[PDB]
Amino acid sequence: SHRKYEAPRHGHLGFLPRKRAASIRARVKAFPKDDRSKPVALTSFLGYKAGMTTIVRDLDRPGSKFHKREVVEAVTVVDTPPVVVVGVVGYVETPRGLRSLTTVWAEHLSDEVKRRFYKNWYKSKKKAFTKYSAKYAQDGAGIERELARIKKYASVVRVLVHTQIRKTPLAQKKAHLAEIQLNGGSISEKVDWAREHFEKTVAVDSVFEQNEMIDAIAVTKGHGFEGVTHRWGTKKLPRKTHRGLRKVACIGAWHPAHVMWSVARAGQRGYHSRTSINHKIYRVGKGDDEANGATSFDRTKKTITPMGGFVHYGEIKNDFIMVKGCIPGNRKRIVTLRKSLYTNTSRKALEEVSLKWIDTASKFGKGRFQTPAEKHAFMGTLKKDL
Amino acid sequence: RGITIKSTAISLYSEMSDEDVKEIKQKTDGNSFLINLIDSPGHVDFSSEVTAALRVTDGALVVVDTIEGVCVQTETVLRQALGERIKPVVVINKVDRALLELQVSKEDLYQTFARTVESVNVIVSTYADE
Amino acid sequence: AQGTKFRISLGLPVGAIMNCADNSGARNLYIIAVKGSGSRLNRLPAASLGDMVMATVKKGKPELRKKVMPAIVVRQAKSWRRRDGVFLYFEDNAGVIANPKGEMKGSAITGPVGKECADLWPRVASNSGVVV
Amino acid sequence: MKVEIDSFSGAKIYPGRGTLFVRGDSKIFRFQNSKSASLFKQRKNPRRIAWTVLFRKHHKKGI
RNA sequence: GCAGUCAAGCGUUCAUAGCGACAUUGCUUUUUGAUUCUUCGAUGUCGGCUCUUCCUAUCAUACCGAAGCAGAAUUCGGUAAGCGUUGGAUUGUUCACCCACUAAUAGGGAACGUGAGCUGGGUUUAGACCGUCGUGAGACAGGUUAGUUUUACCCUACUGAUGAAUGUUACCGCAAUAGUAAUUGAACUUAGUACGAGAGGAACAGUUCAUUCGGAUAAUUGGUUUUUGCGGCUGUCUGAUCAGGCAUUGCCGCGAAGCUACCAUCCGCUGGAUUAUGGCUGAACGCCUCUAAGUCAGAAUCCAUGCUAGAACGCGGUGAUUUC
RNA sequence: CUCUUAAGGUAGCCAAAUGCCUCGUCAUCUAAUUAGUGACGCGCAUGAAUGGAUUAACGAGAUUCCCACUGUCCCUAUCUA
RNA sequence: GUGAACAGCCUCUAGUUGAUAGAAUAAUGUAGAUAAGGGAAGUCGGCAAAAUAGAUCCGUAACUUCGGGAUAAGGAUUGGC
RNA sequence: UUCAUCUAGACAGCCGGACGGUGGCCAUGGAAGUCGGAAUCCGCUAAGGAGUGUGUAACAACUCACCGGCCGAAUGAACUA
Ligand SMILES: [Mg+2]
Ligand SMILES: [Mg+2]
Ligand SMILES: [Mg+2]
Ligand SMILES: [Mg+2]
Ligand SMILES: [Mg+2]
Ligand SMILES: [Mg+2]
Ligand SMILES: [Mg+2]
Ligand SMILES: [Mg+2]
Ligand SMILES: [Mg+2]
Ligand SMILES: [Mg+2]
Ligand SMILES: [Mg+2]
Ligand SMILES: [Mg+2]
Ligand SMILES: [Mg+2]
Ligand SMILES: [Mg+2]
Ligand SMILES: [Mg+2]
Ligand SMILES: [Mg+2]
Ligand SMILES: [Mg+2]
Ligand SMILES: [Mg+2]
Ligand SMILES: [Mg+2]
Ligand SMILES: [Mg+2]
Ligand SMILES: [Mg+2]
Ligand SMILES: [Mg+2]
Ligand SMILES: [Mg+2]
Ligand SMILES: [Mg+2]
Ligand SMILES: [Mg+2]
Ligand SMILES: [Mg+2]
Ligand SMILES: [Mg+2]
Ligand SMILES: [Mg+2]
Ligand SMILES: [Mg+2]
Ligand SMILES: [Mg+2]
Ligand SMILES: [Mg+2]
Ligand SMILES: [Mg+2]
Ligand SMILES: [Mg+2]
Ligand SMILES: [Mg+2]
Ligand SMILES: [Mg+2]
Ligand SMILES: [Mg+2]
Ligand SMILES: [Mg+2]
Ligand SMILES: [Mg+2]
Ligand SMILES: [Mg+2]
Ligand SMILES: [Mg+2]
Ligand SMILES: [Mg+2]
Ligand SMILES: [Mg+2]
Ligand SMILES: [Mg+2]
Ligand SMILES: [Mg+2]
Ligand SMILES: [Mg+2]
Ligand SMILES: [Mg+2]
Ligand SMILES: [Mg+2]
Ligand SMILES: [Mg+2]
Ligand SMILES: [Mg+2]
Ligand SMILES: [Mg+2]
Ligand SMILES: [Mg+2]
Ligand SMILES: [Mg+2]
Ligand SMILES: [Mg+2]
Ligand SMILES: [Mg+2]
Ligand SMILES: [Mg+2]
Ligand SMILES: [Mg+2]
Ligand SMILES: [Mg+2]
Ligand SMILES: [Mg+2]
Ligand SMILES: [Mg+2]
Ligand SMILES: [Mg+2]
Ligand SMILES: [Mg+2]
Ligand SMILES: [Mg+2]
Ligand SMILES: [Mg+2]
Ligand SMILES: [Mg+2]
Ligand SMILES: [Mg+2]
Ligand SMILES: [Mg+2]
Ligand SMILES: [Mg+2]
Ligand SMILES: [Mg+2]
Ligand SMILES: [Mg+2]
Ligand SMILES: [Mg+2]
Ligand SMILES: [Mg+2]
Ligand SMILES: [Mg+2]
Ligand SMILES: [Mg+2]
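Residue numbers (our numbering), protein chains in the order written: chain W, 9 to 394; chain L, 33 to 162; chain S, 3 to 134; chain B, 6 to 68.
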């Protein structure tokens, strides 16, 4: 029979299967369209998600009811120590799609990167790339043939960067290595730029700037095996039903005599590659700068990191991106940050933003004090001492 | 609602410069004049408040929206005046409409005014007391 | 509806009774519908402060009972979060009987009124005491 | 961006943090956290609650 | 139940704007009959609940064509099922009816979808009351009240989860194929303007919000508390004190972390080809004609862009590959 | 006055757990009532120990409403064994 | 012991410490809990749950077979010293 | 398939004319070819209905049959399957 009352379907089917991502680094699938009339530059950037905090700022949005009035907004903080180029990869157009033609690497590589190639680093004989490096022997005999090979061919050039994991508070030691597409100009200045950067780091003011709308590509917080009530948003069933409420009642009609792909089932929730778009950059922080949490209106030297330190993360000692709102993934997870794939002119974009103030109260509790200074200035002296 | 419904009266006291009263081509004392005014309604449904005001007055100030021209009710309130033997004078009003809405040009405007006056005198000659 | 109104948490679904804050003669207001609400299977429509509801008077002068009228919610009693970061709430829910144009069948509102509700409704502002 | 002070504890209230309550009398109350708010609604007396600003003043502590 | 054909007539005037008699040709299988082919060593009956998908004879939303289309509003039709189609009072109801919001509250199918999915209000056992019937036992497609809703561990399907083999191992990627997504409204302003005698009274562009849906996220606010974390309280037991036990987590206040809420916050891309329809050039047919050749535009459509998985028998690049 | 059968439904009661028509009609209660209550009564097919009408108290009986209450619901989340 | 009490809760005498174990802490369950604002809108129906609860003092309606209805309703108070 | 027109100039297109008794008779509040009935004659003609439409309150004003100018070879109507 027909339905009885119409209601929208539960859950979006262009986000299927709801399985676990192949890896915890979400694949950055599309890069932006290359404009070759602009300097060789990176298009994405790796990151580590630290935590969130709160800001206030004036609002320039004429005709709103909060024009020139302060607003307060959540923000996520990505710890972005500069990343070090160690490779160049070049892809050719072919009638079956882009083909990687060759890879060429830097002459030496941090052991924190070479860790990426082992599952038992400690007990290895760490011989990875020992004999590749010898092609640099006299003048780079072999390697300069490859670089020419990329220049001759190669509709697209990608650079292999890797995170300086050791510069963060994680227990990891094993860096994250990723391709980043050079949107430079001329497939040649693109690959010169790569050679001119082997083992040379790239900071992130090079890549992004204040107010730049950017996308976040990461792997959703995993949650294990979920019932359909919470996993799909299904209606919890009436208190009286025998055999369970967190269920779908009619797994399907008699015909098609098959449970169909479109019906909510119990299974894995979270741990899904998500590409989430249009998060405005609110501040690009310098580690080689004091007073990261400072602002032209607050002006009381303090770092970004909050009292007690970011919960489950640690302290911010490096460059960081502070982006408006929230992003897929949890604290400590690798986070690719893409430049926007289109030129947004919404004017919600395009809006210059200036932080009045950046909360740095503790997140481990009902944090009352911005700085250990102002605690004391408020509390007084105490018995243990001072 | 922004529509006059009852026609209501007000008496205005106003002066005139010494050279202005010299032109007055009828016997005329002093320099201060007393204007007994009535603000009338346009709607046909209220025409009874026009004849009620035209019985108590001597001249009539007739207003014509410049862009709308002389309209059907302009025509019939005039037949109300000339029946009662009342002298008219005209204000072609609302011109800022012509510069903004119509982007009019000086000749475009003058000739607007001419045919409008031509239109009123047609009404005036047909019904004005021979 | 003289203005645009930013979203605020809903706290008065249908069936809710709120005090009638005006000297109209009504002691309360029983919400049966909320103007501007949309549709979802099984979802009770609900009002926040400033919203125009359709109500009846369960306690009050007979001349106002047995009859559906529009009301405007002026306090809300359910924590809501302004764009300046504050979660606030009143001690009670309350509204005033109005007419669709937004005018007020009352004559003077008693008790505080919320900022959002009074920006929306001038005729309501004209009779409000302490706002926000 | 005036910070405000907790009505019950005199604690400092940074933007976004805590709650604000409009009593019937139009008297505004600010609470920096949930605990301060809970106590006040239990009708507790801050002068008798040991950690509040206005209990150290009534006991001339730390001044 | 729905749709054509002829056109007397309605439409002041005028057959076909919108309608349409007398006739007559059809379609549909959510109606009810007619049959009795399957099932009586048994295919779980009504309705709701839940949830998915499909149909179009389209209620709304996109773009259009017609009008007895001035505006506003409405009607008729076209492409069109992309997307939505609701909250309640009485009833077991399907149906009905009314209140009320709404852009709209369209009709249907899937064993009159869906009972090892629920419920069990109705129907339809045995208990019992009434009314009419009956000599009686009893009967009623009359009323009424009580009345056990069983199994999955197997196969397949669906959801998620591993995995042999390919010389070994590790890293970075490609993209076949499959999936795909956003929705709709209001206020300001345009404007008391176009139009209109008046009464009334728009639209495109711009601004601010909002609804339904989606994916995440936890700074905040809120909820949860075995942090049995700190405090408080009763009873009893440890001779008192200190400090504890027991009271199935003894109870109360607060309670961080975690989990989480339109109860919380953030985010949801833009190129092309088309439909209908409007056109250009232009014959057929010395004219005309959007069409016959050729061609411009153009829709909530489709294809891509983007997003999701990645063929476990599709692929590339790359590293290191066992002294004894 | 009369016919069929002997009599011809009185006192009461009612769309009642008894009314087909029927969601009866009127009043009331609700924004809205096929529900409830009060009325009406040519009552398909009420009615006097096949007992009629009424009744305080009692009732794990059927039914309607109100106050309090609340995860029944909006609309779900969370903790324990 | 508490307490009106052979209630419940803790203890002395006496008896028992027996129910296959270990490690994990997904979904769905069964059993036990809590919940912002709203408060039956959920449902055939308030089913289930919640609210109430002892005792002292106060106050207590229609109706009634005068016996009741009654803990009606409804207020106040409660430790320690 | 049947019937028509055409080098004595058709069909099409364009272009000129489309008159005079006459506002023809009965009506009509008005009706001058053009709401409607009845009449359907004549004159002057290359031809022009007592009117094919549009129009008016009624005339006016355009329009068409009909005639002609132009061009120069074929073309028109009604049926069948
Ligand atoms: Mg439907
Ligand atoms: Mg059950
Ligand atoms: Mg925290
Ligand atoms: Mg105008
Ligand atoms: Mg429902
Ligand atoms: Mg909390
Ligand atoms: Mg049908
Ligand atoms: Mg016609
Ligand atoms: Mg028709
Ligand atoms: Mg059969
Ligand atoms: Mg048979
Ligand atoms: Mg079966
Ligand atoms: Mg169609
Ligand atoms: Mg149209
Ligand atoms: Mg017409
Ligand atoms: Mg669909
Ligand atoms: Mg319902
Ligand atoms: Mg069927
Ligand atoms: Mg069935
Ligand atoms: Mg089944
Ligand atoms: Mg069953
Ligand atoms: Mg039953
Ligand atoms: Mg029975
Ligand atoms: Mg009987
Ligand atoms: Mg008998
Ligand atoms: Mg019967
Ligand atoms: Mg029966
Ligand atoms: Mg499987
Ligand atoms: Mg595809
Ligand atoms: Mg007006
Ligand atoms: Mg617009
Ligand atoms: Mg969610
Ligand atoms: Mg918490
Ligand atoms: Mg103890
Ligand atoms: Mg214990
Ligand atoms: Mg093409
Ligand atoms: Mg996308
Ligand atoms: Mg594979
Ligand atoms: Mg007899
Ligand atoms: Mg009787
Ligand atoms: Mg009866
Ligand atoms: Mg009766
Ligand atoms: Mg019968
Ligand atoms: Mg009811
Ligand atoms: Mg009754
Ligand atoms: Mg009888
Ligand atoms: Mg009898
Ligand atoms: Mg007897
Ligand atoms: Mg008796
Ligand atoms: Mg008695
Ligand atoms: Mg004792
Ligand atoms: Mg005992
Ligand atoms: Mg005892
Ligand atoms: Mg024994
Ligand atoms: Mg459980
Ligand atoms: Mg349970
Ligand atoms: Mg609650
Ligand atoms: Mg509460
Ligand atoms: Mg309540
Ligand atoms: Mg109900
Ligand atoms: Mg029942
Ligand atoms: Mg119960
Ligand atoms: Mg009592
Ligand atoms: Mg005492
Ligand atoms: Mg010939
Ligand atoms: Mg000819
Ligand atoms: Mg010819
Ligand atoms: Mg005539
Ligand atoms: Mg005529
Ligand atoms: Mg004759
Ligand atoms: Mg003639
Ligand atoms: Mg003529
Ligand atoms: Mg001819």
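Idealized CB from N, CA, C, for every residue including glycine.
Any C-beta of chain W under 8 Å from that of residue i
i        : result
S/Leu-43 : yes
S/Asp-53 : no
B/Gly-67 : yes
B/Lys-17 : yes
According to DSSP, residues forming a beta bridge with residue i
i         : result
W/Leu-185 : W/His-170
S/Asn-30  : S/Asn-21
B/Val-27  : S/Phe-92 and B/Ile-33
B/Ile-18  : B/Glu-9
W/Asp-223 : W/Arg-346
W/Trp-240 : W/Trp-240 is not bridged to any residue.
W/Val-64  : W/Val-80 and W/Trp-365
W/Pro-70  : According to DSSP, which records beta bridges pairwise, W/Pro-70 is partnered with nothing at all.
W/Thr-110 : W/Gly-98
Cβ-heavy atom distance, residue i to ligand 4, below 7 Å
i         : result
L/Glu-133 : no
C-beta neighbour in chain S for residue i, strict 8 Å
i                      : result
residue 69 of chain B  : Residue 69 of chain B falls outside the range modelled here, since chain B spans only 6 to 68, and no answer is possible.
residue 400 of chain W : No answer is possible for residue 400 of chain W: the residues shown for chain W start at 9 and end at 394.
Residue-chain proximity (residue i, chain B), Cβ-Cβ < 8 Å
i         : result
S/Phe-89  : yes
W/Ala-299 : no
S/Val-76  : no
Cβ-heavy atom distance, residue i to ligand 3, below 7 Å
i         : result
W/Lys-371 : yes
Next on the checklist: Short of 8 Å Cβ to Cβ, which residues in the stretch 77-91 of chain W face chain S?
Outcome noted: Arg-77, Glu-78, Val-79 and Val-80
Checklist entry - For the stretch 182-200 of chain W, which residues have a beta carbon sitting closer than 8 Å to at least one beta carbon of chain S? => result none
Checklist entry - Where the beta carbon is closer than 6 Å to any heavy atom of ligand 2, which residues qualify, in chain order? => result W/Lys-248 and W/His-250
Checklist entry - According to a CB-to-CB cut-off of less than 8 Å, which residues of the stretch 64-76 of chain W neighbour chain S? => result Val-64, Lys-73 and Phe-74
Item to check | Chain-ordered residues of the stretch 84-115 of chain S with a beta carbon less than 7 Å from chain W | outcome: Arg-85, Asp-86 and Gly-87
Item to check | the stretch 42-55 of chain B: positions lying closer than 7 Å to chain W by Cβ | outcome: none
Checklist entry - Mind listing which residues of the stretch 13-28 of chain W have their C-beta closer than 9 Å to chain S's C-betas, in chain order? => result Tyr-13, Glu-14, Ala-15 and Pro-16
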